[PDB]
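This report concerns only the one structure given below.
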Amino acid sequence: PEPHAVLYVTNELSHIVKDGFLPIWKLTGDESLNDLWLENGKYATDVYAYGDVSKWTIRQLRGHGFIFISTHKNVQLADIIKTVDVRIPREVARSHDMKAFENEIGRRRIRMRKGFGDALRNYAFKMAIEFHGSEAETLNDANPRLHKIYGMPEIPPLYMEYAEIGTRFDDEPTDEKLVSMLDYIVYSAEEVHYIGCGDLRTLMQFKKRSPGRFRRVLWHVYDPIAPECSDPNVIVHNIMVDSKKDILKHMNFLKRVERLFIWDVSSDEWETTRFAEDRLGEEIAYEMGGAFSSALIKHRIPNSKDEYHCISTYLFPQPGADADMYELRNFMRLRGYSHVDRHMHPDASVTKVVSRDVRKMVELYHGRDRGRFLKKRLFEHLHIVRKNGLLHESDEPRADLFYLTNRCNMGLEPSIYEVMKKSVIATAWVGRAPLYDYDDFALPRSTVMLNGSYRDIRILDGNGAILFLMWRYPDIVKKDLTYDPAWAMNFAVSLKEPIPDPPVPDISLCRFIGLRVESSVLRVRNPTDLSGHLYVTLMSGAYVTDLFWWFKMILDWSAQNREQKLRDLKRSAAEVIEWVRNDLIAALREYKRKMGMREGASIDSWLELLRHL
Ligand SMILES: Nc1nc2c(ncn2[C@@H]2O[C@H](COP(=O)(O)OP(=O)(O)OP(=O)(O)OC[C@H]3O[C@@H](n4cnc5c(=O)[nH]c(N)nc54)[C@H](O)[C@@H]3O)[C@@H](O)[C@H]2O)c(=O)[nH]1
Ligand SMILES: Nc1nc2[nH]cnc2c(=O)[nH]1
Ligand SMILES: Nc1nc2[nH]cnc2c(=O)[nH]1
Numbered sequence: 002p003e004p005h006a007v008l009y010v011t012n013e014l015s016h017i018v019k020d021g022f023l024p025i026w027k028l029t030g031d032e033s034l035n036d037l038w039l040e041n042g043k044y045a046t047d048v049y050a051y052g053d054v055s056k057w058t059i060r061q062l063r064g065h066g067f068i069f070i071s072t073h074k075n076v077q078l079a080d081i082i083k084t085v086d087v088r089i090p091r092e093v094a095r096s097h098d099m100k101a102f103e104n105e106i107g108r109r110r111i112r113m114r115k116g117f118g119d120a121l122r123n124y125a126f127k128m129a130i131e132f133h134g135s136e137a138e139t140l141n142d143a144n145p146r147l148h149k150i151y152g153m154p155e156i157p158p159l160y161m162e163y164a165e166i167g168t169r170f171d172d173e174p175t176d177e178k179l180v181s182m183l184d185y186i187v188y189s190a191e192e193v194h195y196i197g198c199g200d201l202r203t204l205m206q207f208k209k210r211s212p213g214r215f216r217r218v219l220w221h222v223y224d225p226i227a228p229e230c231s232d233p234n235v236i237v238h239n240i241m242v243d244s245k246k247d248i249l250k251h252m253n254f255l256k257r258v259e260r261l262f263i264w265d266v267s268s269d277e278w279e280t281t282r283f284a285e286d287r288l289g290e291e292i293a294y295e296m297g298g299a300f301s302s303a304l305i306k307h308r309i310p311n312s313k314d315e316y317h318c319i320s321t322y323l324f325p326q327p328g329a330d331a332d333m334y335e336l337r338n339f340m341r342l343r344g345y346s347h348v349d350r351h352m353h354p355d356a357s358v359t360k361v362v363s364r365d366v367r368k369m370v371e372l373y374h375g376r377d378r379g380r381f382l383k384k385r386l387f388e389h390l391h392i393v394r395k396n397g398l399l400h401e402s403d404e405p406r407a408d409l410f411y412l413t414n415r416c417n418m419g420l421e422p423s424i425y426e427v428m429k430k431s432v433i434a435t436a437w438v439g440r441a442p443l444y445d446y447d448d449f450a451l452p453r454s455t456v457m458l459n460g461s462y463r464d465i466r467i468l469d470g471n472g473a474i475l476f477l478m479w480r481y482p483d484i485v486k487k488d489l490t491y492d493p494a495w496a497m498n499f500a501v502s503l504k505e506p507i508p509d510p511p512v513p514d515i516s517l518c519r520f521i522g523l524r525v526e527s528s529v530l531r532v533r534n535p536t550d551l552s553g554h555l556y557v558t559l560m561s562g563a564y565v566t567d568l569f570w571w572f573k574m575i576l577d578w579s580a581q582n583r584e585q586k587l588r589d590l591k592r593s594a595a596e597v598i599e600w611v612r613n614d615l616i617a618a619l620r621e622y623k624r625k626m627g628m629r630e631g632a633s634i635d636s637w638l639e640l641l642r643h644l
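Going left to right, the sequence shown walks through residues 2 to 269, 277 to 536, 550 to 600, 611 to 644 as PDB author numbering numbers them.
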């Protein structure tokens, strides 16, 4: 709503910037500390800035909201040598088009959006066990043997009891049929019996394509026509399969593992054959309900039958499958050991299918130039546990990311805070901007700042948090990590996180950019320094910082002593950019004087924590 980035460019690139209609800061590397804070403090939109920034650290530069743009991969600093955030392609200078240039900045900038979410996420796999409002991404980096991934993802087209279908959505071309099958089924199974594995280009491309989850799986692959395989996680079977005795002989019962059953089998004048192949695929699985958690059985749709039977949990259109291709896969969940609790997905049973309702089903969702999102929601739906955060009570520690402030959750604020009162790490939208690509609403910053900050719960804006995690967990969040601080500040981040001893006023906490431009706007629109300094932060709802800690840094920490207090920075490897109980309590009084009801206990709670400490 207010937060900007400084789009710092390098020298060769500078001259053009001068053309476009956004403001240009200019340096001049001297410039004492307190210049950059008052200058930067001017610009209300994003800016461009060029010139010598030798002397500064990075955290110092990110705290200002710098984004680094050059023809070069990097740029000298005082802290370290920072990988350029946005690299302009040569020709796409050069040529000085101002628009091509700017247009260029934005893309990468949205490409940057992931970096942020990532560091965060990455912290939480270092911390939490439950995850709520998850998706394919959080899935993608989950250790399924430890993490516990929940949410309510948007559900794919299914046949069962039961139809409702479709309805149709836009989609995109994806990995070929068979591979793209593997793609959504293989998430947590430790062992995989693949019946009918053919020439194997299938399975092999899966490896050459997504190697990790290939390699943490054991693969029995049954087929007469199957080749040899050097890969030692691939016990290859050249027997053909009519029974479960062909599969049983090859399992270790002394050890509990999640096993997966994939049946994809067809022979070489009509084809009941085709049929009693699939049925068997299934039957063999069904007998072995007891060992497998799952079955991705092939299921071609008959010509000669108007409605038929089968044992199934779900039925669905396979992504990247040819339009004419009239074959859905059947998914059967089963009783048998699993790291993902699938009980919600009903215990695979007998199912009457109206061929034509299935016919239509292929007709909406199949097509070579489709499948991308289908695949997601298939994958998403199969391996996330359908549970709802605001409502769910956890015995273990949890993470609550980028789902809380979604438009579905509207008006149920109370719960949201209760979450943030005890989530390892959760996040809320706060940005008051237009603001494309993102569908959330935002919380009054003030309200966040006050409900949010607890003894255990640290309450920063996204950037603030990034800075903090850099400073506290330097190798969950490398200093070099590319992210966009502007955007990072449309987020409110909470962390189960002790206030520092000593409460050193590190950038991660103490940034407050443009608080002066912020203040005077106040006075001319709704009128009425450390005392007032506080009132603004709240009145502005430009800022989301950790009240508690900030408090505790003032009275317990500053002053104290110029001498004795830097020193306790050194040391705490902290750093800064700006270089009494009776004051603050008035701030509060005045603030809620201007806002009964529309807040905020609490306040009351906060006041009565000074008038006690
Ligand atoms: N190695 C090997 N594999 C075989 C063989 N036959 C089928 N497959 C396996 O069938 C899968 C899908 O085939 P495709 O999608 O081309 O067609 P289907 O197998 O249904 O065709 P099929 O029923 O065997 O042939 C008759 C024709 O019916 C046509 N058809 C038209 N409308 C429909 C419909 O509504 N439903 C079905 N099932 N078929 C329809 C199909 O296009 C098809 O060409 C292939 O991936 C392969 O694994 C074979 O002889 N050798
Ligand atoms: N910043 C950000 N990163 C993400 N990574 C995946 N989803 C998101 C998101 O909504 N925001
Ligand atoms: N099946 C599947 N779908 C995805 N959608 C985005 N990433 C993935 C992935 O790794 N697997």
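Quick reminder that beta carbons are idealized off the backbone N, C-alpha and C, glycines included.
Is it true that the CB of residue j sits closer than 8 Å to the CB of residue i?
{"i": "residue 36", "j": "residue 59", "result": "no"}
{"i": "residue 200", "j": "residue 223", "result": "no"}
{"i": "residue 356", "j": "residue 435", "result": "no"}
{"i": "residue 178", "j": "residue 326", "result": "yes"}
{"i": "residue 23", "j": "residue 48", "result": "yes"}
{"i": "residue 406", "j": "residue 133", "result": "yes"}
{"i": "residue 117", "j": "residue 495", "result": "yes"}
{"i": "residue 196", "j": "residue 258", "result": "no"}
{"i": "residue 323", "j": "residue 160", "result": "yes"}
{"i": "residue 382", "j": "residue 157", "result": "yes"}
{"i": "residue 242", "j": "residue 218", "result": "no"}
{"i": "residue 298", "j": "residue 343", "result": "yes"}
{"i": "residue 42", "j": "residue 555", "result": "no"}
{"i": "residue 11", "j": "residue 488", "result": "no"}
{"i": "residue 115", "j": "residue 130", "result": "no"}
{"i": "residue 456", "j": "residue 438", "result": "yes"}
{"i": "residue 102", "j": "residue 9", "result": "no"}
Over what stretch of residues does the beta strand (DSSP E) that includes residue i continue unbroken?
{"i": "residue 361", "result": "357-362"}
{"i": "residue 546", "result": "Missing here is residue 546; the chain as given proceeds from 536 to 550 without the residues in between."}
{"i": "residue 408", "result": "406-408"}
{"i": "residue 340", "result": "335-341"}
So, for residue i: in the same chain, excluding its five sequence neighbours on each side, which residues have a beta-carbon less than 6 Å away from its beta-carbon?
{"i": "residue 303", "result": "262, 293, 340"}
{"i": "residue 467", "result": "460, 461, 502, 567"}
{"i": "residue 454", "result": "559, 562"}
{"i": "residue 574", "result": "511, 513"}
{"i": "residue 623", "result": "634"}
{"i": "residue 411", "result": "134"}
{"i": "residue 375", "result": "331"}
{"i": "residue 472", "result": "516"}
Taking the alpha helix (DSSP H) that residue i falls in, what are its first and last residues?
{"i": "residue 61", "result": "59-63"}
{"i": "residue 125", "result": "99-125"}
{"i": "residue 570", "result": "568-578"}
{"i": "residue 178", "result": "178-186"}
{"i": "residue 384", "result": "380-391"}
{"i": "residue 619", "result": "612-624"}
{"i": "residue 9", "result": "No alpha helix (DSSP H) holds residue 9; the beta strand (DSSP E) holding it covers 7-10."}
Please work out which residues of its chain come closer than 8 Å, Cβ to Cβ, to residue i, disregarding the five sequence neighbours upstream and downstream, and give them in chain order.
{"i": "residue 600", "result": "34, 35"}
{"i": "residue 281", "result": "268"}
Counting only the same chain and skipping the five closest in sequence on each side, list residues whose C-beta sits under 7 Å from that of residue i.
{"i": "residue 123", "result": "484"}
{"i": "residue 52", "result": "27, 28, 29, 30"}
{"i": "residue 155", "result": "385"}
{"i": "residue 56", "result": "30, 79"}
{"i": "residue 313", "result": "363"}
{"i": "residue 235", "result": "220, 222"}
{"i": "residue 619", "result": "634, 637, 638"}
Please determine whether the Cβ atom of residue i lies at a distance below 7 Å from any heavy atom of ligand 5.
{"i": "residue 582", "result": "Among the ligands present in this structure, namely ligand 1, ligand 2 and ligand 3, ligand 5 is not found."}
Query raised in the report: How would the residue list near ligand 2 read, in chain order, if you kept each one whose beta-carbon is closer than 7 Å to any heavy atom?
Result: 114, 115, 117, 118, 119, 138, 410, 446, 495
Query raised in the report: Residues near ligand 1, CB to any non-hydrogen atom under 7 Å, in chain order?
Result: Listed along the chain, these residues meet the criterion: 267, 268, 269, 279, 282, 308, 309, 310, 311, 330, 332, 333, 334, 335, 367.
Query - Inside the stretch 429-507 only - beta strand (DSSP E) runs reaching at least 3 residues - result: 433-437, 465-469, 499-504
Query raised in the report: Of all the alpha helix (DSSP H) runs that stay within the bounds of the stretch 12-74, which reach a length of 4 or more residues?
Result: For the stretch 12-74, the continuous alpha helix (DSSP H) assignments of 4+ residues that do not extend past its boundaries occur at 15-18, 34-41, 59-63, in sequence order.
Report task. Any chance you could list the beta strand (DSSP E) runs of at least 3 consecutive residues sitting entirely within the stretch 232-261, in chain order? Result -> Secondary structure remark: continuous beta strand (DSSP E) runs of at least 3 residues inside the stretch 232-261, in chain order: 235-238.
Report task. Enumerate, from N- to C-terminal direction, the unbroken alpha helix (DSSP H) stretches of 4 or more residues contained entirely within the stretch 143-225. Result -> 178-186, 202-210, 212-216
Query raised in the report: Hey, which unbroken runs of the beta strand (DSSP E) at 3 residues or more fall wholly within the stretch 295-324?
Result: 300-308, 315-320, 322-324
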